[PDB]
$ cat upload32.cif   # mmCIF, C-alpha atoms and all ligand atoms
data_upload
#
loop_
_atom_site.label_atom_id
_atom_site.label_comp_id
_atom_site.auth_asym_id
_atom_site.auth_seq_id
_atom_site.Cartn_x
_atom_site.Cartn_y
_atom_site.Cartn_z
CA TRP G 1 -14.56 21.08 -6.08
CA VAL G 2 -10.98 21.86 -7.26
CA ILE G 3 -7.73 20.18 -8.36
CA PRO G 4 -5.65 20.62 -5.13
CA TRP M 1 -5.60 36.55 10.05
CA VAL M 2 -8.42 38.45 8.23
CA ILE M 3 -11.53 40.55 8.85
CA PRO M 4 -14.25 37.91 8.09
CA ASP Z 6 -19.30 40.94 16.03
CA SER Z 7 -15.78 42.50 15.71
CA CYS Z 8 -13.91 39.10 15.54
CA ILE Z 9 -10.74 38.43 13.46
CA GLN Z 10 -10.52 35.05 11.70
CA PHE Z 11 -7.59 32.63 11.15
CA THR Z 12 -8.06 31.45 7.51
CA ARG Z 13 -6.15 28.11 7.92
CA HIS Z 14 -7.75 27.16 11.32
CA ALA Z 15 -10.46 24.76 10.01
CA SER Z 16 -7.96 22.96 7.68
CA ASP Z 17 -5.34 22.69 10.53
CA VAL Z 18 -8.04 21.22 12.86
CA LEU Z 19 -9.04 18.60 10.24
CA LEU Z 20 -5.34 17.75 9.54
CA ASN Z 21 -4.83 17.17 13.31
CA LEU Z 22 -8.03 15.05 13.55
CA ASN Z 23 -6.67 12.92 10.67
CA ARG Z 24 -3.27 12.56 12.53
CA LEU Z 25 -5.20 11.31 15.61
CA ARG Z 26 -7.06 8.81 13.36
CA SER Z 27 -3.73 7.56 11.82
CA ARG Z 28 -2.26 7.00 15.33
CA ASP Z 29 -5.60 5.49 16.59
CA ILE Z 30 -5.84 8.18 19.31
CA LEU Z 31 -9.25 8.68 20.99
CA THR Z 32 -11.08 6.75 18.21
CA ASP Z 33 -14.36 5.62 19.83
CA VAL Z 34 -16.08 3.46 17.21
CA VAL Z 35 -15.42 0.67 14.69
CA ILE Z 36 -17.39 0.75 11.40
CA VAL Z 37 -17.75 -2.80 10.00
CA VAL Z 38 -18.17 -3.06 6.19
CA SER Z 39 -18.37 -6.57 4.60
CA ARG Z 40 -15.94 -7.88 7.39
CA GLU Z 41 -13.52 -4.90 6.90
CA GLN Z 42 -13.09 -2.76 10.02
CA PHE Z 43 -12.49 1.01 10.14
CA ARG Z 44 -11.73 2.90 13.37
CA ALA Z 45 -12.90 6.54 13.55
CA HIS Z 46 -14.15 9.38 15.76
CA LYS Z 47 -17.96 9.48 16.13
CA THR Z 48 -17.97 13.33 16.03
CA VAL Z 49 -16.09 13.52 12.70
CA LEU Z 50 -18.42 10.86 11.18
CA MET Z 51 -21.48 12.87 12.38
CA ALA Z 52 -19.99 16.15 11.04
CA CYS Z 53 -19.62 14.57 7.53
CA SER Z 54 -22.57 12.21 7.14
CA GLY Z 55 -26.33 12.51 7.57
CA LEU Z 56 -26.48 8.75 8.29
CA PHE Z 57 -23.88 8.89 11.14
CA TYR Z 58 -25.49 12.07 12.48
CA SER Z 59 -28.86 10.19 12.81
CA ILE Z 60 -27.13 7.05 14.28
CA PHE Z 61 -25.10 8.77 16.99
CA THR Z 62 -27.92 11.17 18.04
CA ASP Z 63 -30.07 8.08 18.73
CA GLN Z 64 -30.25 7.53 22.55
CA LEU Z 65 -29.42 3.76 22.23
CA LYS Z 66 -27.00 3.75 19.29
CA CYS Z 67 -24.94 6.75 20.58
CA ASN Z 68 -23.45 4.22 23.10
CA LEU Z 69 -22.44 1.50 20.62
CA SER Z 70 -18.70 0.92 19.95
CA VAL Z 71 -19.43 -1.14 16.77
CA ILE Z 72 -21.69 -0.12 13.81
CA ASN Z 73 -22.38 -2.62 11.01
CA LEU Z 74 -23.15 -1.14 7.60
CA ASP Z 75 -25.58 -2.64 5.05
CA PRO Z 76 -23.90 -5.68 3.33
CA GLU Z 77 -24.35 -4.05 -0.10
CA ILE Z 78 -21.76 -1.40 0.94
CA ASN Z 79 -18.36 -1.84 -0.69
CA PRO Z 80 -15.35 -1.54 1.73
CA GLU Z 81 -13.18 0.37 -0.82
CA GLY Z 82 -15.99 2.93 -1.42
CA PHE Z 83 -16.29 3.37 2.35
CA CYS Z 84 -12.49 3.71 2.77
CA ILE Z 85 -12.35 6.46 0.03
CA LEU Z 86 -15.21 8.33 1.75
CA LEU Z 87 -13.69 7.95 5.25
CA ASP Z 88 -10.43 9.44 3.83
CA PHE Z 89 -12.48 12.32 2.29
CA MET Z 90 -14.16 13.02 5.67
CA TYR Z 91 -10.75 13.47 7.36
CA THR Z 92 -8.93 15.27 4.49
CA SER Z 93 -11.43 17.04 2.07
CA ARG Z 94 -9.71 14.92 -0.67
CA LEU Z 95 -11.76 12.50 -2.76
CA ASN Z 96 -9.95 9.74 -4.70
CA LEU Z 97 -12.55 9.54 -7.48
CA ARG Z 98 -11.64 7.23 -10.42
CA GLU Z 99 -13.46 5.55 -13.36
CA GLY Z 100 -13.01 2.20 -11.54
CA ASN Z 101 -14.55 3.31 -8.23
CA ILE Z 102 -17.08 6.10 -9.09
CA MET Z 103 -20.17 3.81 -9.00
CA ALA Z 104 -19.25 2.30 -5.56
CA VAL Z 105 -18.27 5.78 -4.22
CA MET Z 106 -21.60 7.37 -5.35
CA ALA Z 107 -23.67 4.42 -3.93
CA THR Z 108 -21.77 4.67 -0.60
CA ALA Z 109 -22.14 8.54 -0.48
CA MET Z 110 -25.93 8.16 -1.13
CA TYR Z 111 -26.24 5.63 1.76
CA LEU Z 112 -24.04 7.79 4.08
CA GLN Z 113 -25.99 10.97 3.05
CA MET Z 114 -22.93 12.99 1.92
CA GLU Z 115 -24.71 15.36 -0.52
CA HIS Z 116 -21.65 17.21 -1.93
CA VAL Z 117 -19.95 13.87 -2.82
CA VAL Z 118 -23.20 12.58 -4.46
CA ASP Z 119 -23.30 15.87 -6.50
CA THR Z 120 -19.71 15.62 -7.91
CA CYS Z 121 -20.21 11.86 -8.73
CA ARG Z 122 -23.44 12.67 -10.64
CA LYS Z 123 -21.59 15.42 -12.61
CA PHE Z 124 -18.52 13.21 -13.36
CA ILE Z 125 -20.84 10.36 -14.55
CA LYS Z 126 -22.89 12.80 -16.76
CA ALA Z 127 -19.64 14.05 -18.42
CA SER Z 128 -18.70 10.45 -19.47
CA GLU Z 129 -22.12 9.67 -21.13
CA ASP F 6 -2.42 11.33 -6.05
CA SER F 7 -5.21 12.28 -8.55
CA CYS F 8 -7.74 13.40 -5.83
CA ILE F 9 -10.28 16.27 -6.21
CA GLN F 10 -10.83 18.50 -3.16
CA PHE F 11 -14.00 20.11 -1.70
CA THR F 12 -12.84 23.64 -0.70
CA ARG F 13 -15.55 24.21 2.00
CA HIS F 14 -15.25 20.69 3.60
CA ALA F 15 -12.97 21.62 6.56
CA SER F 16 -15.08 24.73 7.41
CA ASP F 17 -18.37 22.69 7.16
CA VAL F 18 -16.88 20.00 9.48
CA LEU F 19 -15.87 22.64 12.08
CA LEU F 20 -19.33 24.35 11.82
CA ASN F 21 -20.99 20.95 12.50
CA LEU F 22 -18.61 20.23 15.44
CA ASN F 23 -19.60 23.64 16.89
CA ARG F 24 -23.37 22.75 16.43
CA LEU F 25 -22.74 19.50 18.39
CA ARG F 26 -21.00 21.55 21.13
CA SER F 27 -23.98 24.03 21.29
CA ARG F 28 -26.45 21.12 21.68
CA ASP F 29 -24.08 19.30 24.14
CA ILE F 30 -23.94 16.24 21.83
CA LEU F 31 -21.12 13.72 22.42
CA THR F 32 -19.12 16.21 24.58
CA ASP F 33 -16.81 14.00 26.68
CA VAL F 34 -15.03 16.40 29.04
CA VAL F 35 -15.63 19.38 31.35
CA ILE F 36 -12.87 22.03 31.58
CA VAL F 37 -13.02 23.80 34.98
CA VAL F 38 -11.65 27.38 35.07
CA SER F 39 -11.89 29.36 38.37
CA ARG F 40 -15.24 27.48 39.15
CA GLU F 41 -16.62 28.12 35.59
CA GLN F 42 -17.34 24.93 33.65
CA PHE F 43 -17.00 24.42 29.88
CA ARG F 44 -18.13 21.24 28.10
CA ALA F 45 -16.20 20.25 24.94
CA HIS F 46 -14.95 17.42 22.73
CA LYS F 47 -11.49 16.10 23.72
CA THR F 48 -10.49 15.64 20.03
CA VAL F 49 -11.27 19.27 19.08
CA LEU F 50 -9.35 20.54 22.17
CA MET F 51 -6.34 18.33 21.18
CA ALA F 52 -6.53 19.51 17.52
CA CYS F 53 -6.30 23.19 18.68
CA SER F 54 -4.04 23.18 21.73
CA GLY F 55 -0.59 21.79 22.52
CA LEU F 56 -1.59 21.60 26.21
CA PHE F 57 -4.76 19.51 25.56
CA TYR F 58 -2.84 17.36 23.06
CA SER F 59 -0.27 16.48 25.83
CA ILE F 60 -3.07 15.95 28.46
CA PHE F 61 -5.28 13.61 26.45
CA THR F 62 -2.35 11.56 25.00
CA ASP F 63 -1.31 10.81 28.61
CA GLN F 64 -2.35 7.19 29.46
CA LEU F 65 -3.96 8.24 32.83
CA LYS F 66 -5.40 11.66 31.94
CA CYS F 67 -6.92 10.51 28.59
CA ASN F 68 -9.63 8.82 30.78
CA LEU F 69 -10.56 11.84 32.93
CA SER F 70 -13.99 13.50 32.41
CA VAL F 71 -12.93 16.65 34.35
CA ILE F 72 -9.77 18.78 33.78
CA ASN F 73 -8.97 21.66 36.16
CA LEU F 74 -6.94 24.52 34.71
CA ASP F 75 -4.35 26.58 36.64
CA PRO F 76 -6.18 29.08 38.97
CA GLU F 77 -4.41 32.03 37.27
CA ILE F 78 -6.45 31.28 34.09
CA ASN F 79 -9.25 33.75 33.46
CA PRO F 80 -12.65 32.13 32.50
CA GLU F 81 -13.48 34.84 29.89
CA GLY F 82 -10.07 34.35 28.18
CA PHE F 83 -10.73 30.60 28.11
CA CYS F 84 -14.29 31.09 26.76
CA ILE F 85 -12.98 33.35 23.89
CA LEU F 86 -10.34 30.72 23.01
CA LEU F 87 -12.81 27.80 23.21
CA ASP F 88 -15.08 29.76 20.78
CA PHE F 89 -12.03 30.30 18.47
CA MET F 90 -11.24 26.55 18.52
CA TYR F 91 -14.75 25.72 17.26
CA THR F 92 -15.21 28.66 14.82
CA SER F 93 -11.77 30.09 13.64
CA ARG F 94 -13.14 33.46 15.00
CA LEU F 95 -11.25 35.30 17.74
CA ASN F 96 -13.08 38.00 19.73
CA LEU F 97 -9.94 40.05 20.44
CA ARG F 98 -10.54 43.43 22.19
CA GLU F 99 -8.45 46.04 24.09
CA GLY F 100 -10.21 44.89 27.31
CA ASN F 101 -9.42 41.18 26.92
CA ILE F 102 -6.14 40.97 24.89
CA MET F 103 -3.87 40.45 27.94
CA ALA F 104 -6.05 37.60 29.38
CA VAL F 105 -6.47 36.05 25.87
CA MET F 106 -2.68 36.08 25.19
CA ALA F 107 -1.87 34.64 28.70
CA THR F 108 -4.50 31.88 28.17
CA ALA F 109 -3.23 31.12 24.57
CA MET F 110 0.37 30.85 25.95
CA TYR F 111 -0.77 28.37 28.66
CA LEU F 112 -2.92 26.38 26.15
CA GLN F 113 -0.04 26.43 23.57
CA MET F 114 -2.06 27.98 20.70
CA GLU F 115 0.86 29.53 18.75
CA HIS F 116 -1.14 31.37 16.03
CA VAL F 117 -3.29 33.13 18.69
CA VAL F 118 -0.15 34.09 20.71
CA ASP F 119 1.33 35.53 17.44
CA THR F 120 -1.67 37.81 16.58
CA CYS F 121 -1.91 39.02 20.25
CA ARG F 122 1.81 39.93 20.24
CA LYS F 123 1.33 41.88 16.95
CA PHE F 124 -1.86 43.68 18.15
CA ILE F 125 -0.08 44.65 21.45
CA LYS F 126 3.04 45.90 19.51
CA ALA F 127 0.79 48.13 17.30
CA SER F 128 -0.68 49.89 20.41
CA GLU F 129 2.76 50.73 21.98
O1 LIG G 201 -24.66 15.73 3.34
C1 LIG G 201 -24.74 15.81 4.57
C2 LIG G 201 -23.61 16.05 5.54
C3 LIG G 201 -24.30 16.12 6.87
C4 LIG G 201 -23.82 16.31 8.16
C5 LIG G 201 -24.71 16.30 9.24
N1 LIG G 201 -24.17 16.76 10.46
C6 LIG G 201 -24.66 17.67 11.35
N2 LIG G 201 -25.65 18.48 10.94
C7 LIG G 201 -26.08 19.39 11.82
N3 LIG G 201 -25.64 19.60 13.06
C8 LIG G 201 -24.64 18.80 13.45
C9 LIG G 201 -24.11 17.82 12.63
CL1 LIG G 201 -22.81 16.84 13.21
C10 LIG G 201 -26.08 16.18 9.00
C11 LIG G 201 -26.57 15.98 7.71
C12 LIG G 201 -25.66 15.93 6.66
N4 LIG G 201 -25.89 15.74 5.29
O1 LIG G 202 -0.17 25.79 18.66
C1 LIG G 202 -0.42 24.58 18.70
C2 LIG G 202 -1.68 23.90 18.22
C3 LIG G 202 -1.39 22.45 18.44
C4 LIG G 202 -2.15 21.30 18.22
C5 LIG G 202 -1.62 20.05 18.55
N1 LIG G 202 -2.35 18.94 18.06
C6 LIG G 202 -1.92 17.84 17.39
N2 LIG G 202 -0.68 17.87 16.86
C7 LIG G 202 -0.30 16.79 16.16
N3 LIG G 202 -1.00 15.68 15.93
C8 LIG G 202 -2.23 15.67 16.45
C9 LIG G 202 -2.74 16.73 17.18
CL1 LIG G 202 -4.35 16.64 17.80
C10 LIG G 202 -0.31 19.95 19.03
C11 LIG G 202 0.45 21.10 19.27
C12 LIG G 202 -0.12 22.34 18.99
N4 LIG G 202 0.43 23.62 19.14
CL CL G 203 -20.25 15.70 1.34
CL CL G 204 -3.71 28.81 17.32
#
$ encode --input "upload32.cif" --output "structure tokens"
Amino acid sequence: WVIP
Amino acid sequence: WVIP
Amino acid sequence: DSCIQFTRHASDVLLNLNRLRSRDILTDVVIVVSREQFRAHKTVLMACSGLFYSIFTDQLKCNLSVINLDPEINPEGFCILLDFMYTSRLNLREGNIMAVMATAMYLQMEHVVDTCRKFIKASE
Amino acid sequence: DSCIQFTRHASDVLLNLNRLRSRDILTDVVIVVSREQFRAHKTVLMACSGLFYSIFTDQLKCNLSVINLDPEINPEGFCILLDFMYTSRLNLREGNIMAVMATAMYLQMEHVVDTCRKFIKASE
């Protein structure tokens, strides 16, 4: 999971 | 395009 | 093999599937949640959820145009997860994390359940 | 928004759509090429091809279970492109590049047409  |  | 690969292909496909959903094009099922209705594509739901995979591979249920979810399922939690299925983006907030995790557990969306568990553990 | 994003989501969705294709699950159309038949999902074909997008958004054609392609279309070129649609992998070779480019032009798959043009220009 990432900060888009 | 890339070499996978 | 000796194939070449287009890096953005999978993302472009999902973006186009979401545009078809927005415009209600070729949607083939209605998911009913506590009298809230959501139109979607059976194949996308199966590709994202262990529950929908089991439902639409069933010889009788594969032919249904309406699926009713368990009444304990929260419509907002479902809506957030349906958006995630079609975009890879999860709108996870303090106010919805419990409903989102409970819905992801029911839908069998293991990666979503994992990030909810981690976000909850960080707040304790 | 304040969304989080699962990097591998789009790729995992496409991988699952290809597994449904392999097992012939929920395929809703047959594409006929020079008496060679290919089963697929209308939504995936629309997401990948400008030609299929135009065909299945047509009020009469959206309901067809069989689509016949132009007889000049080569079945191997179509097969390579159908595989690309479901995997992001293009099996481009000296022996098939001309048929693949001609099929990608007909199907309106701009990124494929682009790499074929570049690979052909490098060999001249
Ligand atoms: O967490 C998850 C996400 C998910 C998706 C599916 N889908 C499929 N699996 C295998 N072949 C085809 C399909 Cl469509 C099954 C189980 C789970 N569990
Ligand atoms: O090269 C290409 C690839 C491609 C895909 C599509 N598909 C869609 N476009 C927009 N909204 C939904 C869909 Cl399904 C249309 C044109 C082209 N041209
Ligand atoms: Cl997931
Ligand atoms: Cl393309």
$ closest_residue --input "upload32.cif" --among "Z:27, Z:42, Z:93, Z:73" --to "chain F" --atoms "all atoms listed in the file"
Z:93
$ residues_near_ligand --input "upload32.cif" --ligand "ligand CL 203 (chain G)" --cutoff "9 Å" --atoms "only C-alpha atoms and all ligand atoms" --output "PyMOL selection string"
(chain Z and resi 53-54+86+89-90+93+109+113-119) or (chain F and resi 11+14)
$ write_last_selection --input "upload32.cif" --atoms "C-alpha atoms" --output "PDB file, keeping the file's coordinate frame"
ATOM      1  CA  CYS Z  53     -19.620  14.570   7.530  1.00  0.00           C
ATOM      2  CA  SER Z  54     -22.570  12.210   7.140  1.00  0.00           C
ATOM      3  CA  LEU Z  86     -15.210   8.330   1.750  1.00  0.00           C
ATOM      4  CA  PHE Z  89     -12.480  12.320   2.290  1.00  0.00           C
ATOM      5  CA  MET Z  90     -14.160  13.020   5.670  1.00  0.00           C
ATOM      6  CA  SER Z  93     -11.430  17.040   2.070  1.00  0.00           C
ATOM      7  CA  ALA Z 109     -22.140   8.540  -0.480  1.00  0.00           C
ATOM      8  CA  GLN Z 113     -25.990  10.970   3.050  1.00  0.00           C
ATOM      9  CA  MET Z 114     -22.930  12.990   1.920  1.00  0.00           C
ATOM     10  CA  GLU Z 115     -24.710  15.360  -0.520  1.00  0.00           C
ATOM     11  CA  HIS Z 116     -21.650  17.210  -1.930  1.00  0.00           C
ATOM     12  CA  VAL Z 117     -19.950  13.870  -2.820  1.00  0.00           C
ATOM     13  CA  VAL Z 118     -23.200  12.580  -4.460  1.00  0.00           C
ATOM     14  CA  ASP Z 119     -23.300  15.870  -6.500  1.00  0.00           C
TER      15      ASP Z 119
ATOM     16  CA  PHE F  11     -14.000  20.110  -1.700  1.00  0.00           C
ATOM     17  CA  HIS F  14     -15.250  20.690   3.600  1.00  0.00           C
TER      18      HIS F  14
END
$ closest_residue --input "upload32.cif" --among "F:15, F:103, F:65, F:22" --to "ligand LIG 201 (chain G)" --atoms "all atoms listed in the file"
F:22
$ closest_residue --input "upload32.cif" --among "F:36, F:20, F:87, F:67" --to "ligand CL 204 (chain G)" --atoms "all atoms listed in the file"
F:87
$ closest_residue --input "upload32.cif" --among "F:94, F:66, F:40, F:126" --to "chain Z" --atoms "only C-alpha atoms"
F:94
$ closest_residue --input "upload32.cif" --among "Z:91, Z:96, Z:7, Z:12" --to "residue M:1" --atoms "only C-alpha atoms"
Z:12
$ decode --input "upload32.cif" --residues "stretch 103-127 of chain F" --atoms "N, CA and C atoms" --output "compact mmCIF listing (two decimals), in the first residue's frame"
# COMPACT_ATOMS: atom_id res chain seq x y z
N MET F 103 4.37 -7.94 -38.76
CA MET F 103 3.49 -7.33 -39.76
C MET F 103 2.02 -7.65 -39.51
N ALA F 104 1.69 -8.93 -39.21
CA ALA F 104 0.31 -9.36 -38.92
C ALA F 104 -0.17 -8.72 -37.61
N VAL F 105 0.71 -8.68 -36.59
CA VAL F 105 0.36 -8.07 -35.29
C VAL F 105 0.04 -6.58 -35.47
N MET F 106 0.90 -5.82 -36.17
CA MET F 106 0.65 -4.39 -36.40
C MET F 106 -0.65 -4.15 -37.17
N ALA F 107 -0.89 -4.92 -38.25
CA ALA F 107 -2.12 -4.80 -39.07
C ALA F 107 -3.36 -5.10 -38.23
N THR F 108 -3.29 -6.14 -37.36
CA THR F 108 -4.40 -6.47 -36.46
C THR F 108 -4.62 -5.36 -35.41
N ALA F 109 -3.52 -4.84 -34.79
CA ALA F 109 -3.61 -3.76 -33.79
C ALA F 109 -4.19 -2.48 -34.42
N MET F 110 -3.86 -2.20 -35.70
CA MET F 110 -4.43 -1.02 -36.38
C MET F 110 -5.96 -1.17 -36.55
N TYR F 111 -6.40 -2.34 -36.99
CA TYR F 111 -7.81 -2.69 -37.18
C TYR F 111 -8.56 -2.65 -35.83
N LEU F 112 -7.96 -3.22 -34.78
CA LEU F 112 -8.57 -3.27 -33.44
C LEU F 112 -8.50 -1.93 -32.71
N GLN F 113 -7.67 -0.99 -33.21
CA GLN F 113 -7.47 0.34 -32.60
C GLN F 113 -6.86 0.19 -31.20
N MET F 114 -5.66 -0.39 -31.18
CA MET F 114 -4.86 -0.62 -29.96
C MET F 114 -3.58 0.19 -30.16
N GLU F 115 -3.69 1.51 -29.91
CA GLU F 115 -2.66 2.51 -30.20
C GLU F 115 -1.27 2.24 -29.62
N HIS F 116 -1.17 1.74 -28.37
CA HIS F 116 0.15 1.48 -27.80
C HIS F 116 0.87 0.33 -28.51
N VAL F 117 0.11 -0.71 -28.93
CA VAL F 117 0.66 -1.84 -29.70
C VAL F 117 1.14 -1.35 -31.07
N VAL F 118 0.31 -0.54 -31.77
CA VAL F 118 0.68 0.02 -33.08
C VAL F 118 2.02 0.80 -32.97
N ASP F 119 2.16 1.61 -31.90
CA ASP F 119 3.35 2.39 -31.59
C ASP F 119 4.62 1.53 -31.44
N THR F 120 4.59 0.47 -30.60
CA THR F 120 5.79 -0.37 -30.43
C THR F 120 6.15 -1.16 -31.70
N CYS F 121 5.14 -1.51 -32.53
CA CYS F 121 5.37 -2.26 -33.79
C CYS F 121 6.07 -1.36 -34.77
N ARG F 122 5.60 -0.09 -34.88
CA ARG F 122 6.19 0.94 -35.74
C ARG F 122 7.67 1.17 -35.38
N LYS F 123 7.97 1.25 -34.07
CA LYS F 123 9.33 1.47 -33.56
C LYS F 123 10.23 0.26 -33.83
N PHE F 124 9.73 -0.97 -33.59
CA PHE F 124 10.48 -2.21 -33.83
C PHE F 124 10.78 -2.39 -35.33
N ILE F 125 9.81 -2.02 -36.21
CA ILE F 125 9.99 -2.08 -37.67
C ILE F 125 11.05 -1.06 -38.14
N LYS F 126 10.99 0.18 -37.59
CA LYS F 126 11.92 1.27 -37.91
C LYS F 126 13.37 0.91 -37.53
N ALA F 127 13.56 0.17 -36.42
CA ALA F 127 14.88 -0.27 -35.95
C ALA F 127 15.52 -1.29 -36.91
